[PDB]
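Below you'll find the structure, written out as structure tokens, and then a few comments.
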Amino acid sequence: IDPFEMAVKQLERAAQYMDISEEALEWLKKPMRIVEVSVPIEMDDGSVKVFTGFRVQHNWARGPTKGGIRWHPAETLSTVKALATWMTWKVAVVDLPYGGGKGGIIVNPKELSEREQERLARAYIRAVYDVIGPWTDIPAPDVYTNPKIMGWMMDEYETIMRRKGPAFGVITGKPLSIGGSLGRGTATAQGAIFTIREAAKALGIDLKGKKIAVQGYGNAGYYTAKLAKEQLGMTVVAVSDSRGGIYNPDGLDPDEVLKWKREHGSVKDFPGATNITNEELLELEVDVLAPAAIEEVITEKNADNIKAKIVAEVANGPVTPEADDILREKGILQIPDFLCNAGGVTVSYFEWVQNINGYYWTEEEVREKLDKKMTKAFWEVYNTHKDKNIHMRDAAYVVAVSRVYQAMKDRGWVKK
Ligand SMILES: N[C@@H](CCC(=O)O)C(=O)O
């Protein structure tokens, strides 16, 4: 099934639970500007190859649009549009002065050399310069793009811009040497930890000494486990990856597991732990569960088998709506996917603020501001959850769409 249709259906289901005019819904069902450009680069053999680049700006009622750039061979305009629509609600739920945006290039970056990658980044900037800017559209790292590409892109934008303004703020996720921000490596995990702490506070559970299980041991999963163990004082008992998983009731040390992963290539056969698979790992009796891996892991097949009191969807939509209803029926508290992992876009917003102001913060200041933003967003969503007696995901959609609708009404875009 197409992704943009999925996003529009999600938006309509959200609008079912809130009072929104028909014209506003029709406005929100369409991206406000879609730009498709040709991105020509000259390769190492001397030939010129043309790639397809996208830049979708779904809505900018609340402010300049925000969103990453994907370099995937399976990129489509539908995927970019759906992700921009998703980014609108993501930045709206955590109360940022941002709209929704998304870019992408249909390219296999594995077959490109470093020089070709730099040429691709610079050519993409030259192609989409007319629709981006510090106050118009702020790109960011995404799938198969990294801070190196972000720095190349910022340099090209500054060259075109003739240094007439804050060219550092045109793009986020930059290296620290050029307008980069601290706390950009642990943003998602720190936001997830703050949301988990707030959820435990709401449920009355003290996390000191409790159990956590994490699926997926990449950046997000590893940092989530590490921050949970240190800040929340919890007992990490299970941490699986792409290959297999391990279990130890007394507690695992995420640093040692990461070292083992680096050495042997996986978290399999970890000493002192029992090797298990992802599916049973999802069903251990643990206080909180943090799926930080491939989407759609909790379905109707295993929804009733979840024994976790809190499920923090660190990954992008790892739970299906049927599993959502089943989990809610069990009383299991769910943190919606675009609320749990909203720390990354919040820290990107902080980086943009630092670049715009010309003044840069420390790690402690970024951490405290992230704490404030995530706590306030979670409490807003939870209060909507209780007041409307609807699902947590539905409450997050209600909050985001209500904010965007209010901004649209204030500008006079929609009269009703
Ligand atoms: N959330 C997307 C892009 C949003 C952003 O970082 O600005 C990501 O995982 O990078």
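So you can find residues: chains in the structure tokens are A, B, ... in the order shown, residues in each start at 1, and ligands are numbered from 1 in order.
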Give me, as a PyMOL selection string, the set of residues whose atoms come within 6 Å of any atom of ligand 1, counting only C-alpha atoms and all ligand atoms. chain A and resi 66-68+140-142+344-345+348
Could you give me, as a JSON list (two decimals) with C-alpha atoms, in the first residue's frame, the residues within 8 Å of residue 24 (chain A), counting only C-alpha atoms and dropping anything in the same chain fewer than 6 positions from it?
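The new file around05.json reads:
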```
[["chain", "number", "residue", "atom", "x", "y", "z"],
["A", 405, "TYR", "CA", -5.00, 24.00, 12.91],
["A", 414, "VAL", "CA", -8.74, 28.82, 6.86],
["A", 416, "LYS", "CA", -13.51, 28.24, 9.86]]
```
Can you tell me, as a list in words, what residues are no more than 7 Å from residue 234 (chain A) when counting only C-alpha atoms, ignoring any on the same chain fewer than 6 positions away?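 Returned residues: residues 207, 208, 209, 210, 211, 212 and 228 of chain A.
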Enumerate as a PyMOL selection string all residues of region 10-146 of chain A assigned to strand (DSSP E or B) by DSSP on the backbone, naming them with the chain letters and numbers the document uses. chain A and resi 33-42+48-59+65-66+69-72+99-106+133+137-138+141
Which neighbours of residue 187 (chain A) fall inside 9 Å, counting only C-alpha atoms, when residues of the same chain fewer than 2 positions from it are skipped, and could you give them as a list in words?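 Answer for this query is residues 183, 184, 185, 189, 190, 191, 192, 220, 341, 342, 343, 344, 345, 346, 347, 348, 367 and 370 of chain A.
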Output the selection as a PDB file, in the first residue's frame - N, CA, C and O atoms for each residue.
```pdb
ATOM      1  N   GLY A 183      25.253  17.154  22.200  1.00  0.00           N
ATOM      2  CA  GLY A 183      24.120  16.311  22.531  1.00  0.00           C
ATOM      3  C   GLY A 183      23.337  15.914  21.296  1.00  0.00           C
ATOM      4  O   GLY A 183      22.120  15.738  21.349  1.00  0.00           O
ATOM      5  N   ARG A 184      24.042  15.775  20.178  1.00  0.00           N
ATOM      6  CA  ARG A 184      23.414  15.397  18.917  1.00  0.00           C
ATOM      7  C   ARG A 184      23.560  13.903  18.650  1.00  0.00           C
ATOM      8  O   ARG A 184      22.925  13.359  17.747  1.00  0.00           O
ATOM      9  N   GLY A 185      24.398  13.244  19.444  1.00  0.00           N
ATOM     10  CA  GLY A 185      24.626  11.818  19.297  1.00  0.00           C
ATOM     11  C   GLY A 185      23.689  10.997  20.162  1.00  0.00           C
ATOM     12  O   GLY A 185      23.383   9.847  19.846  1.00  0.00           O
ATOM     13  N   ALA A 189      17.827   8.992  22.230  1.00  0.00           N
ATOM     14  CA  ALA A 189      17.830   8.170  23.433  1.00  0.00           C
ATOM     15  C   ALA A 189      17.519   8.998  24.672  1.00  0.00           C
ATOM     16  O   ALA A 189      16.788   8.547  25.560  1.00  0.00           O
ATOM     17  N   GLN A 190      18.076  10.207  24.759  1.00  0.00           N
ATOM     18  CA  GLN A 190      17.804  11.056  25.914  1.00  0.00           C
ATOM     19  C   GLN A 190      16.333  11.456  25.969  1.00  0.00           C
ATOM     20  O   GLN A 190      15.719  11.448  27.044  1.00  0.00           O
ATOM     21  N   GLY A 191      15.750  11.807  24.819  1.00  0.00           N
ATOM     22  CA  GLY A 191      14.328  12.108  24.792  1.00  0.00           C
ATOM     23  C   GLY A 191      13.475  10.913  25.177  1.00  0.00           C
ATOM     24  O   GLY A 191      12.494  11.047  25.916  1.00  0.00           O
ATOM     25  N   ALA A 192      13.845   9.726  24.689  1.00  0.00           N
ATOM     26  CA  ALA A 192      13.121   8.514  25.057  1.00  0.00           C
ATOM     27  C   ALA A 192      13.215   8.248  26.554  1.00  0.00           C
ATOM     28  O   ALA A 192      12.232   7.838  27.178  1.00  0.00           O
ATOM     29  N   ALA A 220      20.427   4.295  18.638  1.00  0.00           N
ATOM     30  CA  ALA A 220      19.277   4.568  19.492  1.00  0.00           C
ATOM     31  C   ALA A 220      19.150   3.534  20.600  1.00  0.00           C
ATOM     32  O   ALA A 220      19.015   3.886  21.774  1.00  0.00           O
ATOM     33  N   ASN A 341      10.538   9.391  20.148  1.00  0.00           N
ATOM     34  CA  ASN A 341      11.788   9.726  19.481  1.00  0.00           C
ATOM     35  C   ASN A 341      11.797  11.151  18.940  1.00  0.00           C
ATOM     36  O   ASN A 341      12.445  11.417  17.923  1.00  0.00           O
ATOM     37  N   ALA A 342      11.096  12.070  19.601  1.00  0.00           N
ATOM     38  CA  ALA A 342      11.091  13.467  19.190  1.00  0.00           C
ATOM     39  C   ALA A 342      12.290  14.239  19.716  1.00  0.00           C
ATOM     40  O   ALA A 342      12.399  15.437  19.437  1.00  0.00           O
ATOM     41  N   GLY A 343      13.176  13.595  20.478  1.00  0.00           N
ATOM     42  CA  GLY A 343      14.369  14.262  20.965  1.00  0.00           C
ATOM     43  C   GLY A 343      15.330  14.681  19.875  1.00  0.00           C
ATOM     44  O   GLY A 343      15.999  15.709  20.016  1.00  0.00           O
ATOM     45  N   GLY A 344      15.422  13.904  18.796  1.00  0.00           N
ATOM     46  CA  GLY A 344      16.322  14.264  17.715  1.00  0.00           C
ATOM     47  C   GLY A 344      15.935  15.561  17.031  1.00  0.00           C
ATOM     48  O   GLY A 344      16.781  16.430  16.806  1.00  0.00           O
ATOM     49  N   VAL A 345      14.653  15.718  16.703  1.00  0.00           N
ATOM     50  CA  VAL A 345      14.211  16.958  16.078  1.00  0.00           C
ATOM     51  C   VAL A 345      14.270  18.117  17.066  1.00  0.00           C
ATOM     52  O   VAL A 345      14.510  19.261  16.669  1.00  0.00           O
ATOM     53  N   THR A 346      14.083  17.854  18.359  1.00  0.00           N
ATOM     54  CA  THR A 346      14.207  18.914  19.354  1.00  0.00           C
ATOM     55  C   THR A 346      15.644  19.415  19.448  1.00  0.00           C
ATOM     56  O   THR A 346      15.888  20.624  19.511  1.00  0.00           O
ATOM     57  N   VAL A 347      16.613  18.497  19.453  1.00  0.00           N
ATOM     58  CA  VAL A 347      18.010  18.911  19.477  1.00  0.00           C
ATOM     59  C   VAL A 347      18.421  19.564  18.163  1.00  0.00           C
ATOM     60  O   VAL A 347      19.251  20.477  18.164  1.00  0.00           O
ATOM     61  N   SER A 348      17.848  19.141  17.035  1.00  0.00           N
ATOM     62  CA  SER A 348      18.062  19.871  15.791  1.00  0.00           C
ATOM     63  C   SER A 348      17.511  21.290  15.867  1.00  0.00           C
ATOM     64  O   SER A 348      18.135  22.224  15.353  1.00  0.00           O
ATOM     65  N   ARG A 367      20.791  19.444  27.601  1.00  0.00           N
ATOM     66  CA  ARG A 367      20.093  18.371  28.300  1.00  0.00           C
ATOM     67  C   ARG A 367      18.905  18.907  29.091  1.00  0.00           C
ATOM     68  O   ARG A 367      17.818  18.318  29.075  1.00  0.00           O
ATOM     69  N   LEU A 370      16.113  19.975  26.688  1.00  0.00           N
ATOM     70  CA  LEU A 370      15.468  18.777  26.162  1.00  0.00           C
ATOM     71  C   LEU A 370      14.553  18.153  27.206  1.00  0.00           C
ATOM     72  O   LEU A 370      13.452  17.690  26.887  1.00  0.00           O
TER      73      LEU A 370
END
```
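Ranking A:180, A:95, A:57, A:174 by their shortest atom-to-atom distance to residue 396 (chain A), with only C-alpha atoms included, puts A:95 first.
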Can you list, as a PyMOL selection string, every protein, DNA or RNA residue that comes within 7 Å of region 328-335 of chain A when you count only C-alpha atoms, leaving out same-chain residues fewer than 3 positions away? chain A and resi 308-313+324-325+339-340+392
I need the chosen residues saved as a compact mmCIF listing (two decimals), in the first residue's frame, with N, CA, C and O atoms.
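See result-v6.txt below for the written result:
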```txt
# COMPACT_ATOMS: atom_id res chain seq x y z
N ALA A 308 5.14 -6.00 29.33
CA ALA A 308 5.74 -4.76 29.77
C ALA A 308 4.68 -3.76 30.22
O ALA A 308 3.61 -3.66 29.61
N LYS A 309 4.98 -3.03 31.29
CA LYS A 309 4.04 -2.02 31.78
C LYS A 309 4.07 -0.77 30.91
O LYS A 309 3.04 -0.10 30.75
N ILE A 310 5.23 -0.43 30.36
CA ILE A 310 5.39 0.72 29.48
C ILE A 310 6.10 0.25 28.22
O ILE A 310 7.10 -0.47 28.29
N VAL A 311 5.58 0.65 27.06
CA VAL A 311 6.20 0.37 25.78
C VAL A 311 6.58 1.71 25.16
O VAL A 311 5.71 2.51 24.81
N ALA A 312 7.88 1.95 25.03
CA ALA A 312 8.39 3.21 24.48
C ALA A 312 8.79 2.97 23.03
O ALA A 312 9.83 2.37 22.76
N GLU A 313 7.97 3.45 22.10
CA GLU A 313 8.20 3.24 20.68
C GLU A 313 9.30 4.20 20.22
O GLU A 313 9.06 5.24 19.60
N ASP A 324 -1.97 -1.91 18.97
CA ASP A 324 -2.23 -0.74 19.81
C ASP A 324 -3.49 -0.94 20.65
O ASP A 324 -3.49 -0.73 21.86
N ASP A 325 -4.58 -1.37 20.00
CA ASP A 325 -5.82 -1.61 20.72
C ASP A 325 -5.68 -2.74 21.73
O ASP A 325 -6.18 -2.65 22.85
N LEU A 339 6.28 10.73 19.40
CA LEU A 339 6.48 11.48 20.63
C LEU A 339 7.69 10.96 21.40
O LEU A 339 8.40 11.73 22.05
N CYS A 340 7.94 9.65 21.33
CA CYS A 340 9.06 9.07 22.07
C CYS A 340 10.40 9.48 21.47
O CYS A 340 11.31 9.88 22.20
N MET A 392 -3.32 6.81 23.26
CA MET A 392 -2.20 7.73 23.39
C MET A 392 -1.75 8.25 22.03
O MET A 392 -1.44 9.44 21.88
```
When you count only C-alpha atoms, which of these residues is closest to residue 254 (chain A): A:299, A:219, A:277, A:65?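 Once distances to residue 254 (chain A) are computed over only C-alpha atoms, the minimum belongs to A:219.
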So which residues touch residue 305 (chain A) within 12 Å, counting only C-alpha atoms, skipping near sequence neighbours fewer than 2 positions away, as a PDB file with N, CA, C and O atoms, in the first residue's frame?
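Saved as around-v7.pdb:
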```pdb
ATOM      1  N   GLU A 279      11.566 -12.335  19.145  1.00  0.00           N
ATOM      2  CA  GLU A 279      10.166 -12.546  19.493  1.00  0.00           C
ATOM      3  C   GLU A 279       9.957 -12.895  20.959  1.00  0.00           C
ATOM      4  O   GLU A 279       9.051 -12.337  21.587  1.00  0.00           O
ATOM      5  N   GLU A 280      10.760 -13.796  21.525  1.00  0.00           N
ATOM      6  CA  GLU A 280      10.617 -14.069  22.950  1.00  0.00           C
ATOM      7  C   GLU A 280      11.165 -12.922  23.789  1.00  0.00           C
ATOM      8  O   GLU A 280      10.669 -12.670  24.892  1.00  0.00           O
ATOM      9  N   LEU A 281      12.125 -12.189  23.237  1.00  0.00           N
ATOM     10  CA  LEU A 281      12.695 -11.043  23.930  1.00  0.00           C
ATOM     11  C   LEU A 281      11.617  -9.981  24.141  1.00  0.00           C
ATOM     12  O   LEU A 281      11.629  -9.268  25.144  1.00  0.00           O
ATOM     13  N   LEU A 282      10.685  -9.880  23.195  1.00  0.00           N
ATOM     14  CA  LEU A 282       9.608  -8.903  23.298  1.00  0.00           C
ATOM     15  C   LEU A 282       8.617  -9.261  24.397  1.00  0.00           C
ATOM     16  O   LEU A 282       7.766  -8.440  24.756  1.00  0.00           O
ATOM     17  N   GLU A 283       8.706 -10.473  24.942  1.00  0.00           N
ATOM     18  CA  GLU A 283       7.701 -10.975  25.867  1.00  0.00           C
ATOM     19  C   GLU A 283       8.243 -11.296  27.254  1.00  0.00           C
ATOM     20  O   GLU A 283       7.556 -11.970  28.026  1.00  0.00           O
ATOM     21  N   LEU A 284       9.447 -10.839  27.597  1.00  0.00           N
ATOM     22  CA  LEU A 284       9.911 -10.971  28.972  1.00  0.00           C
ATOM     23  C   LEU A 284       9.105 -10.062  29.888  1.00  0.00           C
ATOM     24  O   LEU A 284       8.643  -8.991  29.487  1.00  0.00           O
ATOM     25  N   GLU A 285       8.939 -10.497  31.134  1.00  0.00           N
ATOM     26  CA  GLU A 285       8.262  -9.687  32.144  1.00  0.00           C
ATOM     27  C   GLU A 285       9.245  -8.607  32.571  1.00  0.00           C
ATOM     28  O   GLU A 285      10.102  -8.830  33.428  1.00  0.00           O
ATOM     29  N   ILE A 298       5.513  -5.487  16.911  1.00  0.00           N
ATOM     30  CA  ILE A 298       4.402  -5.913  17.753  1.00  0.00           C
ATOM     31  C   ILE A 298       3.138  -5.887  16.907  1.00  0.00           C
ATOM     32  O   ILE A 298       2.660  -4.811  16.526  1.00  0.00           O
ATOM     33  N   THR A 299       2.603  -7.069  16.611  1.00  0.00           N
ATOM     34  CA  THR A 299       1.400  -7.209  15.804  1.00  0.00           C
ATOM     35  C   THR A 299       0.368  -7.992  16.604  1.00  0.00           C
ATOM     36  O   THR A 299       0.564  -8.285  17.787  1.00  0.00           O
ATOM     37  N   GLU A 300      -0.737  -8.338  15.945  1.00  0.00           N
ATOM     38  CA  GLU A 300      -1.809  -9.098  16.576  1.00  0.00           C
ATOM     39  C   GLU A 300      -1.316 -10.468  17.027  1.00  0.00           C
ATOM     40  O   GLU A 300      -1.873 -11.061  17.957  1.00  0.00           O
ATOM     41  N   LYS A 301      -0.265 -10.971  16.377  1.00  0.00           N
ATOM     42  CA  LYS A 301       0.257 -12.291  16.711  1.00  0.00           C
ATOM     43  C   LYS A 301       0.808 -12.330  18.132  1.00  0.00           C
ATOM     44  O   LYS A 301       0.612 -13.312  18.857  1.00  0.00           O
ATOM     45  N   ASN A 302       1.502 -11.272  18.549  1.00  0.00           N
ATOM     46  CA  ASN A 302       2.173 -11.245  19.841  1.00  0.00           C
ATOM     47  C   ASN A 302       1.739 -10.089  20.729  1.00  0.00           C
ATOM     48  O   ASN A 302       2.384  -9.845  21.755  1.00  0.00           O
ATOM     49  N   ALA A 303       0.673  -9.370  20.371  1.00  0.00           N
ATOM     50  CA  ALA A 303       0.265  -8.214  21.164  1.00  0.00           C
ATOM     51  C   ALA A 303      -0.184  -8.612  22.562  1.00  0.00           C
ATOM     52  O   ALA A 303       0.145  -7.927  23.537  1.00  0.00           O
ATOM     53  N   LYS A 307       4.300  -8.393  28.243  1.00  0.00           N
ATOM     54  CA  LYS A 307       4.200  -8.245  29.685  1.00  0.00           C
ATOM     55  C   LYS A 307       4.783  -6.941  30.207  1.00  0.00           C
ATOM     56  O   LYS A 307       4.913  -6.789  31.427  1.00  0.00           O
ATOM     57  N   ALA A 308       5.135  -6.003  29.331  1.00  0.00           N
ATOM     58  CA  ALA A 308       5.744  -4.757  29.772  1.00  0.00           C
ATOM     59  C   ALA A 308       4.680  -3.763  30.219  1.00  0.00           C
ATOM     60  O   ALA A 308       3.611  -3.657  29.614  1.00  0.00           O
ATOM     61  N   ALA A 323      -2.403  -4.104  17.363  1.00  0.00           N
ATOM     62  CA  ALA A 323      -1.616  -4.292  18.574  1.00  0.00           C
ATOM     63  C   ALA A 323      -1.778  -3.110  19.517  1.00  0.00           C
ATOM     64  O   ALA A 323      -1.734  -3.276  20.738  1.00  0.00           O
ATOM     65  N   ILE A 326      -4.988  -3.818  21.344  1.00  0.00           N
ATOM     66  CA  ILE A 326      -4.807  -4.942  22.258  1.00  0.00           C
ATOM     67  C   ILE A 326      -4.009  -4.518  23.485  1.00  0.00           C
ATOM     68  O   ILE A 326      -4.356  -4.866  24.620  1.00  0.00           O
ATOM     69  N   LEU A 327      -2.927  -3.761  23.280  1.00  0.00           N
ATOM     70  CA  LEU A 327      -2.112  -3.302  24.400  1.00  0.00           C
ATOM     71  C   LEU A 327      -2.887  -2.346  25.295  1.00  0.00           C
ATOM     72  O   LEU A 327      -2.782  -2.417  26.525  1.00  0.00           O
ATOM     73  N   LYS A 330      -5.088  -4.096  27.680  1.00  0.00           N
ATOM     74  CA  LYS A 330      -4.386  -4.685  28.813  1.00  0.00           C
ATOM     75  C   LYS A 330      -3.949  -3.656  29.846  1.00  0.00           C
ATOM     76  O   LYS A 330      -3.405  -4.041  30.886  1.00  0.00           O
ATOM     77  N   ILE A 332      -1.601  -1.485  29.315  1.00  0.00           N
ATOM     78  CA  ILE A 332      -0.198  -1.190  29.055  1.00  0.00           C
ATOM     79  C   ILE A 332      -0.091   0.205  28.458  1.00  0.00           C
ATOM     80  O   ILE A 332      -0.726   0.507  27.441  1.00  0.00           O
TER      81      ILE A 332
END
```
Two-atom distance - CA of residue 108 (chain A), CA of residue 73 (chain A) (Å): 4.7 Å
